[PDB]
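What follows is a set of notes on a single structure, which appears directly below.
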Amino acid sequence: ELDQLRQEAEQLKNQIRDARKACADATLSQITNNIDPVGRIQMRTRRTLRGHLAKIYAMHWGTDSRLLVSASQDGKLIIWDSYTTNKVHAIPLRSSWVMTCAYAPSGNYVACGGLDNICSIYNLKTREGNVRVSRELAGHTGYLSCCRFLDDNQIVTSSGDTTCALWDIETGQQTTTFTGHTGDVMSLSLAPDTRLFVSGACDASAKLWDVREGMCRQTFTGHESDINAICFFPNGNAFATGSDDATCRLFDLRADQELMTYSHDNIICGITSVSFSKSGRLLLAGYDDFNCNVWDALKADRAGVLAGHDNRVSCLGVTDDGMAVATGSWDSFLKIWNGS
Amino acid sequence: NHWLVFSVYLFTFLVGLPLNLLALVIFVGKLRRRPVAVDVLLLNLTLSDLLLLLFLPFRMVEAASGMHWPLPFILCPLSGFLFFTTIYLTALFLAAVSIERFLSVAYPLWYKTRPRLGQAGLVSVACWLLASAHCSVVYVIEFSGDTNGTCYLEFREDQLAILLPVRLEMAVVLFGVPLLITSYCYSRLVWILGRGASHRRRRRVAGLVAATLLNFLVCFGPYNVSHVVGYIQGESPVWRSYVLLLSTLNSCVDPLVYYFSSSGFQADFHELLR
Amino acid sequence: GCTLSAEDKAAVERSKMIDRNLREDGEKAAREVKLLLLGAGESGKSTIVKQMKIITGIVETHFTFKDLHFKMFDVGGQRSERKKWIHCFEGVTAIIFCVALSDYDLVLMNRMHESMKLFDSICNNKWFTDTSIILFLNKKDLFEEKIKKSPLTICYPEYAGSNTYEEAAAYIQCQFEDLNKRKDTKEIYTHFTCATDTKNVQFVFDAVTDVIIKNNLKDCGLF
Amino acid sequence: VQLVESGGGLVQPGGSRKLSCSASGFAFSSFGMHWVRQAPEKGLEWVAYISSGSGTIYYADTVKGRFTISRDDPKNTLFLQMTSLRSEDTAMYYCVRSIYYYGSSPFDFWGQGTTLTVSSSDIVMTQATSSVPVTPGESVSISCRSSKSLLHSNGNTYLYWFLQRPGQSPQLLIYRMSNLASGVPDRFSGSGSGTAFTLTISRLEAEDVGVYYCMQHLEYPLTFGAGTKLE
Amino acid sequence: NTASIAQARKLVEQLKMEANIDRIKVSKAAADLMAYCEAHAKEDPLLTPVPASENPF
């Protein structure tokens, strides 16, 4: 019967909780209370980027940290030259309902996906002058989320069918399938090393999956609601999670438990698009009160507020070199933030 | 006499500037996000209001000493031309936006499909030039008949002989025609909306129709009735300092009546304020 | 000032060319009406789609009626969280809801009661606080042969009216309209469909014209 | 991708003639097009250029105000008409394609050429060596010089290298002196500094001899180099 | 039933795989985290703003 199996699972969960609590001698706040604070931050936008006519859900600049891919609900993928405020390519999407963009480390492929249950890969550096759909991938029974780019031949995505997939670019067939989530899966940030990845489901669970082995290794439950944002802390030993409630949580990888959380009583709205700087000192998250928030990712205290937007911020990212921060909201406006 | 003019003029100057500038900012933002045909007309009317409200203070601060001008005679022509041009431009412009609203109500598909932004700009510039030339004719004729002299009081024989026909044409053409046009266009606005629609729709649109028509009547009525009375009587009225005063109050009521006109405008004003 | 680096001169212009295309699509999207289709169970969704199409994601419809290109999106093929992707459909011209009259007898709580909460969630949704809603009462002919045999008291214990279509249908429409908690800003266009005198497309066109008048009034000042 | 041109022949001086360049295999409507004239024994030369969408059109100094150009995207063709021909216009005309975006490769593919015969402050580029023997397996260097500093105030140079095989149209080798062209062997490389550029060929094999041309792109009156020939 | 047993067994096995992990103490992980943060502090434009003349944007 299943009663003894359920009891054994409960006992295993209790043992896991006891082991997690055993290695809780001190918290991160106590350690970081003796370090210099980040101080006041007054980053301002120096860009216009006025070419969209719908809500934007697009980030993942690329390796060059100069070209930025952008998508909206009008079914157009635009490549922005951030340095000169220019448009490179305009790809008309077959499905106008899309929330996913990737630029690939090579920089010659652009991936998109949404409620069409279709992952579209478009080739950029082609002999012709247009942008052709390099491949169409199907097999998901839910809205697509994230099109991360393990290699030029492998792409990992998530869907609302509580599964994650890893497909091959050359062959349009399923290669690796992950089925361990009980809710919709998004937030698939692809590590600093690309050897691993994590998925944030809608049942307050963040699960790390082995790319080669194809099995789950660690499960993190510290939220009280759905998680819709993730990062990987380019050091590679922790990751940040954002939920629809106004709180963010930093889960350590080796410790396999939460270190600390960023929250405030003055904010009640949601959180999207969690990203990290190249050093991990700052955490930037697009909140749902028409502005972004920058937190100190070591102690607790806030660092700054980026209010240069009119609608809810949906996408937000930082370049590989950490030069500037891109932010896209629902007002069809993309902003680039820099220090002074 | 002196109190009734300068106190209300300074009240108008103090009140009008803030909400008019905020209306400018909000309409600039509205055109920035997405432009419509009525937005350019409304912004042009409000900038005409700015032009009136920024140049009438020059005529305001002299204590109104017996309708005498301490400043040189060069400035009466410019001030009068600008002020009358603004007043008649308002009368042209709300009729134009009435035509646009009637076109939107009667033929929603025609408004949705055809991008009349260029036509709206052409209408605005045509009304601008028409009002400018029309009000320029009056002060070009009223230049000279040949402390020492003043403007807009008892004129001379040659000036009065020519002023009466053009003023009567002003009252019967630049006011009567726009009023007839706006009534003609606004009569069917409720008639079409009556057939198969909610009661709150008809109530709100009828209330706004009443508000706009009452604003036009109360503000521009006494001026024009004194205008037509002067033609039969022959002389220049004394309540000009009064009736024109009422028109000045219009400059304070256009932004207010516009604020509660549109729910989206109310939301934009509420959220944009810092 | 800096000669614009020659090649960049040909670059920005290309970007401008893209702009020339982009707005050309955007304006094309301005004059296009988008409608959302929803339903709890079958609700005659397939019948309505087939009827209106002659004139695993989203089954879009490209049908046109009187120089107005209507867009119909079906979201019943997705089995996931509703509110995760319900904000993407905000700002549509109108939303079409389909329910079945003959669903008060079948269960799996009856189907119509299950549709009531869906209708309440859609009408009271924050993203749909200013969009007009069109409701279709399908399976009208089945009600005629079902009400005589199956009394309406099973679904409505607080009903004591005559067991006639003209009264039961009116009561159902009123009950569906009572769920609109924001009637001061939204309206419900309720209609019955049948396999004859196909005025359903005409009714949808009339509702679209009404909501277009509403939107134009919002844009043009008054209301 | 294919570019084929027609309209050649022998014409008396003072006549008018049009050349038609038709493209099959890529998007003509989004590509700028250039015309390059080659003398029977001298080097390549620029004629004119028309941008995508017929936005900006430029002509050479010797042909300014006399030649005319046009395109038809629905027909995917480029027409260039000449009036009042002279003896100095006797050259083979190449219709070439280019695109201008971040990390683009202008002049990537050239045409085929048409034989036209007549019965009767610009930045200059000079190559020190015009001919030098080569061997199958040794590394060689080709130097190009410019009268102006090609290093624009953005971080990149506008040098291009073109190879003309003995019987084939010129083909791009490297662009911007630092990026390799598509489909070209990795043996070729380029480097240098302001007003002094070098191109290195290492592990050279057979079936690669021809004429080498260096291009500046700082300002529209593009001028070819003298030409380096290896045998 | 005959279907829930397989799901329960799969869940038990999945918990068993992650039951034993050679995890480290939270204090050591946090110390390594701040060490990495302070090691690349000078190279992070987010924390230390770059001069305007060298700023690319």
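Please note that chains go A, B, ... in the order of the structure tokens, that every chain numbers its residues from 1, and that ligands are numbered from 1 in the order shown.
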Can you write out as JSON lines which residues of segment 32-113 of chain C fall within 10 Å of segment 185-209 of chain C, alongside each residue's closest atom pair and its distance in Å to one decimal, counting only C-alpha atoms and ordering rows by chain and ascending residue number?
```
{"residue": "C:33", "atom": "CA", "partner": "C:208", "partner_atom": "CA", "distance": 8.0}
{"residue": "C:34", "atom": "CA", "partner": "C:208", "partner_atom": "CA", "distance": 9.6}
{"residue": "C:35", "atom": "CA", "partner": "C:208", "partner_atom": "CA", "distance": 9.1}
{"residue": "C:44", "atom": "CA", "partner": "C:193", "partner_atom": "CA", "distance": 9.9}
{"residue": "C:47", "atom": "CA", "partner": "C:195", "partner_atom": "CA", "distance": 9.4}
{"residue": "C:48", "atom": "CA", "partner": "C:193", "partner_atom": "CA", "distance": 8.6}
{"residue": "C:51", "atom": "CA", "partner": "C:198", "partner_atom": "CA", "distance": 8.5}
{"residue": "C:52", "atom": "CA", "partner": "C:201", "partner_atom": "CA", "distance": 6.7}
{"residue": "C:55", "atom": "CA", "partner": "C:201", "partner_atom": "CA", "distance": 8.8}
{"residue": "C:65", "atom": "CA", "partner": "C:205", "partner_atom": "CA", "distance": 7.7}
{"residue": "C:66", "atom": "CA", "partner": "C:205", "partner_atom": "CA", "distance": 8.7}
{"residue": "C:68", "atom": "CA", "partner": "C:205", "partner_atom": "CA", "distance": 8.7}
{"residue": "C:70", "atom": "CA", "partner": "C:205", "partner_atom": "CA", "distance": 9.1}
{"residue": "C:93", "atom": "CA", "partner": "C:208", "partner_atom": "CA", "distance": 7.2}
{"residue": "C:94", "atom": "CA", "partner": "C:208", "partner_atom": "CA", "distance": 6.9}
{"residue": "C:95", "atom": "CA", "partner": "C:188", "partner_atom": "CA", "distance": 9.8}
{"residue": "C:96", "atom": "CA", "partner": "C:204", "partner_atom": "CA", "distance": 8.8}
{"residue": "C:97", "atom": "CA", "partner": "C:190", "partner_atom": "CA", "distance": 9.3}
{"residue": "C:98", "atom": "CA", "partner": "C:191", "partner_atom": "CA", "distance": 9.9}
{"residue": "C:101", "atom": "CA", "partner": "C:192", "partner_atom": "CA", "distance": 9.7}
```
At a cut-off of 6 Å, can you tabulate as JSON lines every residue of chain E near chain A together with its closest atom pair and the distance in Å to one decimal, using only C-alpha atoms and ordering rows by chain then number?
```
{"residue": "E:5", "atom": "CA", "partner": "A:2", "partner_atom": "CA", "distance": 5.7}
{"residue": "E:12", "atom": "CA", "partner": "A:9", "partner_atom": "CA", "distance": 5.5}
{"residue": "E:18", "atom": "CA", "partner": "A:217", "partner_atom": "CA", "distance": 5.9}
{"residue": "E:23", "atom": "CA", "partner": "A:255", "partner_atom": "CA", "distance": 5.5}
{"residue": "E:24", "atom": "CA", "partner": "A:255", "partner_atom": "CA", "distance": 5.4}
{"residue": "E:25", "atom": "CA", "partner": "A:23", "partner_atom": "CA", "distance": 5.0}
{"residue": "E:26", "atom": "CA", "partner": "A:255", "partner_atom": "CA", "distance": 5.5}
{"residue": "E:27", "atom": "CA", "partner": "A:26", "partner_atom": "CA", "distance": 5.7}
{"residue": "E:30", "atom": "CA", "partner": "A:28", "partner_atom": "CA", "distance": 5.8}
{"residue": "E:37", "atom": "CA", "partner": "A:279", "partner_atom": "CA", "distance": 5.4}
{"residue": "E:40", "atom": "CA", "partner": "A:279", "partner_atom": "CA", "distance": 5.3}
{"residue": "E:44", "atom": "CA", "partner": "A:279", "partner_atom": "CA", "distance": 5.9}
{"residue": "E:45", "atom": "CA", "partner": "A:323", "partner_atom": "CA", "distance": 5.7}
{"residue": "E:49", "atom": "CA", "partner": "A:339", "partner_atom": "CA", "distance": 5.0}
{"residue": "E:57", "atom": "CA", "partner": "A:83", "partner_atom": "CA", "distance": 5.5}
```
Any chance you can output those residues with C-alpha atoms as a PDB file, in the first residue's frame?
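Written output follows (again16.pdb):
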```pdb
ATOM      1  CA  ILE E   5       2.135   3.347  -5.805  1.00  0.00           C
ATOM      2  CA  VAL E  12      10.667   8.180  -2.231  1.00  0.00           C
ATOM      3  CA  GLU E  18      19.172  13.829  -2.185  1.00  0.00           C
ATOM      4  CA  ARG E  23      27.037  19.640   2.435  1.00  0.00           C
ATOM      5  CA  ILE E  24      29.192  22.277   4.109  1.00  0.00           C
ATOM      6  CA  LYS E  25      28.351  24.626   6.965  1.00  0.00           C
ATOM      7  CA  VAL E  26      26.430  27.808   6.198  1.00  0.00           C
ATOM      8  CA  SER E  27      29.132  29.970   7.796  1.00  0.00           C
ATOM      9  CA  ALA E  30      28.823  32.630   3.411  1.00  0.00           C
ATOM     10  CA  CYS E  37      32.242  39.423  -3.650  1.00  0.00           C
ATOM     11  CA  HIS E  40      35.836  41.178  -7.839  1.00  0.00           C
ATOM     12  CA  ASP E  44      32.343  45.568 -10.927  1.00  0.00           C
ATOM     13  CA  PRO E  45      31.010  48.785 -12.524  1.00  0.00           C
ATOM     14  CA  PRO E  49      31.189  53.605 -11.132  1.00  0.00           C
ATOM     15  CA  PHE E  57      27.362  54.221 -23.237  1.00  0.00           C
TER      16      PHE E  57
END
```
Quick check: residues of chain C within 6 Å of chain A, only C-alpha atoms, returned as a ChimeraX atom specification.
/C:15,57,80
Can you check which residues of chain B have any atom within 10 Å of chain A? Use only C-alpha atoms and format it as a PyMOL selection string.
chain B and resi 33-34+271-272
Emit the selected residues as a JSON list (two decimals), in the first residue's frame, including N, CA and C atoms.
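This is the output file again_8.json:
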```json
[["chain", "number", "residue", "atom", "x", "y", "z"],
["B", 33, "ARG", "N", 3.00, 59.05, -26.00],
["B", 33, "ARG", "CA", 2.67, 57.63, -26.00],
["B", 33, "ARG", "C", 1.98, 57.23, -27.30],
["B", 34, "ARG", "N", 0.84, 57.85, -27.61],
["B", 34, "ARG", "CA", 0.15, 57.59, -28.86],
["B", 34, "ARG", "C", -0.70, 58.80, -29.23],
["B", 271, "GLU", "N", -1.82, 59.66, -11.57],
["B", 271, "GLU", "CA", -0.59, 58.89, -11.49],
["B", 271, "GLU", "C", 0.66, 59.70, -11.83],
["B", 272, "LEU", "N", 0.53, 60.72, -12.68],
["B", 272, "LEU", "CA", 1.70, 61.49, -13.10],
["B", 272, "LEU", "C", 2.16, 62.47, -12.03]]
```
Excluding residue 56 of chain D and any residue of its chain fewer than 5 positions from it, enumerate the residues within 12 Å of it, using only C-alpha atoms, and give them as a VMD selection string.
(chain C and resid 6 to 7 9 to 14) or (chain D and resid 32 to 34 48 to 51 69 to 70 220)
So that I can check the surroundings of residue 88 of chain D, please list as a PyMOL selection string every protein, DNA and RNA residue that reaches within 10 Å of it, counting only C-alpha atoms and ignoring chain neighbours fewer than 5 positions away.
chain D and resi 39+62+117-118+120
Using only N, CA, C and O atoms, please write the residues we just selected to a file, as a PDB file, in the first residue's frame.
```pdb
ATOM      1  N   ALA D  39      39.731  48.491 -65.153  1.00  0.00           N
ATOM      2  CA  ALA D  39      40.396  48.694 -66.424  1.00  0.00           C
ATOM      3  C   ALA D  39      40.980  47.375 -66.925  1.00  0.00           C
ATOM      4  O   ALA D  39      41.231  46.459 -66.136  1.00  0.00           O
ATOM      5  N   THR D  62      34.505  61.475 -61.073  1.00  0.00           N
ATOM      6  CA  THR D  62      34.561  61.584 -62.525  1.00  0.00           C
ATOM      7  C   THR D  62      33.223  61.319 -63.200  1.00  0.00           C
ATOM      8  O   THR D  62      33.078  61.628 -64.388  1.00  0.00           O
ATOM      9  N   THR D 117      33.011  48.551 -74.124  1.00  0.00           N
ATOM     10  CA  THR D 117      34.103  49.055 -74.943  1.00  0.00           C
ATOM     11  C   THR D 117      33.659  50.309 -75.683  1.00  0.00           C
ATOM     12  O   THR D 117      32.509  50.407 -76.125  1.00  0.00           O
ATOM     13  N   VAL D 118      34.572  51.270 -75.799  1.00  0.00           N
ATOM     14  CA  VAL D 118      34.365  52.487 -76.573  1.00  0.00           C
ATOM     15  C   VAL D 118      35.327  52.457 -77.752  1.00  0.00           C
ATOM     16  O   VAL D 118      36.531  52.228 -77.573  1.00  0.00           O
ATOM     17  N   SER D 120      36.455  54.803 -79.822  1.00  0.00           N
ATOM     18  CA  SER D 120      37.469  55.852 -79.843  1.00  0.00           C
ATOM     19  C   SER D 120      37.154  56.949 -78.834  1.00  0.00           C
ATOM     20  O   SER D 120      38.012  57.768 -78.505  1.00  0.00           O
TER      21      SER D 120
END
```
At what distance in Å, to one decimal, does atom CA of residue 197 of chain A lie from atom CA of residue 10 of chain E?
21.7 Å
For residue 210 of chain A: contacts at 12 Å, only C-alpha atoms, fewer than 2 positions along chain excluded, given as a list in words
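Returned residues: residues 156, 164, 165, 166, 176, 177, 178, 190, 191, 194, 195, 196, 197, 198, 199, 207, 208, 212, 213, 214, 215, 216, 217 and 218 of chain A.
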Excluding residue 77 of chain D and any residue of its chain fewer than 4 positions from it, enumerate the residues within 9 Å of it, using only C-alpha atoms, and give them as a ChimeraX atom specification.
/D:20-23,28,70-73
Using only C-alpha atoms, find the residues of chain A whose closest atom to chain D is at most 7 Å away, then write them as a list in words.
residues 88, 128, 129 and 130 of chain A
Take the residues that were just selected and, keeping C-alpha atoms, output them as an mmCIF file, in the first residue's frame.
```cif
data_model
loop_
_atom_site.group_PDB
_atom_site.id
_atom_site.type_symbol
_atom_site.label_atom_id
_atom_site.label_comp_id
_atom_site.auth_asym_id
_atom_site.auth_seq_id
_atom_site.Cartn_x
_atom_site.Cartn_y
_atom_site.Cartn_z
ATOM 1 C CA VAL A 88 19.822 45.529 -36.485
ATOM 2 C CA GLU A 128 20.717 35.763 -47.406
ATOM 3 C CA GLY A 129 19.679 39.132 -46.010
ATOM 4 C CA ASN A 130 16.623 37.953 -44.087
#
```
Taking the chain letters and numbering used in this document, name the residues of segment 10-174 of chain C that DSSP puts in helix (DSSP H, G or I), as a ChimeraX atom specification.
/C:10-30,45-53,101-103,111-123,126-128,140-147,152-154,165-174
With the cut-off set at 6 Å and counting only C-alpha atoms, tabulate each residue of chain B with an atom at most that distance from an atom of chain C, showing the nearest atom pair and its distance in Å to one decimal, ordered by chain and increasing number, as JSON lines.
```
{"residue": "B:38", "atom": "CA", "partner": "C:220", "partner_atom": "CA", "distance": 5.8}
{"residue": "B:108", "atom": "CA", "partner": "C:213", "partner_atom": "CA", "distance": 5.8}
{"residue": "B:113", "atom": "CA", "partner": "C:31", "partner_atom": "CA", "distance": 5.3}
{"residue": "B:261", "atom": "CA", "partner": "C:222", "partner_atom": "CA", "distance": 5.5}
{"residue": "B:262", "atom": "CA", "partner": "C:221", "partner_atom": "CA", "distance": 5.1}
```
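Proximity to chain E was assessed for D:137, D:227, D:190, D:155 counting only C-alpha atoms; the smallest distance is recorded for D:155.
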Polymer residues at most 12 Å from residue 268 of chain B, only C-alpha atoms, same-chain spacing of 3 or more positions, as an MDAnalysis selection string:
(chainID A and resid 310) or (chainID B and resid 22:23 25:30 33 259:260 262:265 271:274)
For atom CA of residue 309 of chain A and atom CA of residue 48 of chain A, quote the distance in Å rounded to one decimal.
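According to the coordinates, atom CA of residue 309 of chain A and atom CA of residue 48 of chain A are separated by 11.6 Å.
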